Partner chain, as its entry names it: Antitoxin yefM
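What follows is a single chain, given as structure tokens, in the form deposited without the partner chain.
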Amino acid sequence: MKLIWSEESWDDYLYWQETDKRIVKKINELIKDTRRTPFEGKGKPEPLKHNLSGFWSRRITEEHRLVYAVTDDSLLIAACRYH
């Protein structure tokens, strides 16, 4: 499954790499779990609505969420910072 980052989400990830390695590891753990079971597991995956319909969200922290979308063979990361 291809892992796709937008310019914005890669920026979010780089921010964590230079801000808090714990968050980087959590995001990696969530990506790994999502690859295994896209809509089940860690971070309590839940569907977003309207403008973000089709995207799902998992909790990184009580403030930051991993927002993503899954296709037949790709995991799209829309964001991993903010809510």
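Residue numbers count along the first chain shown, from 1.
One more form of this protein, solved in complex with the partner chain, exists but is not displayed; see below.
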(request) With heavy atoms only and a cut-off of 4.5 Å, decide whether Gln17 touches the partner chain in the entry with it bound. (result) yes
(message) Taking any heavy atom pair closer than or equal to 4.5 Å as contact, tell me whether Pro47 reaches the partner chain in the entry with it bound.
(response) yes
(request) Indicate whether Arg22 is a 4.5 Å heavy atom neighbour of the partner chain in the entry with it bound. (result) no
(message) in the entry with it bound, is there a heavy atom of the partner chain that lies within 4.5 Å of any heavy atom of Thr37, even though the partner is absent here?
(response) no
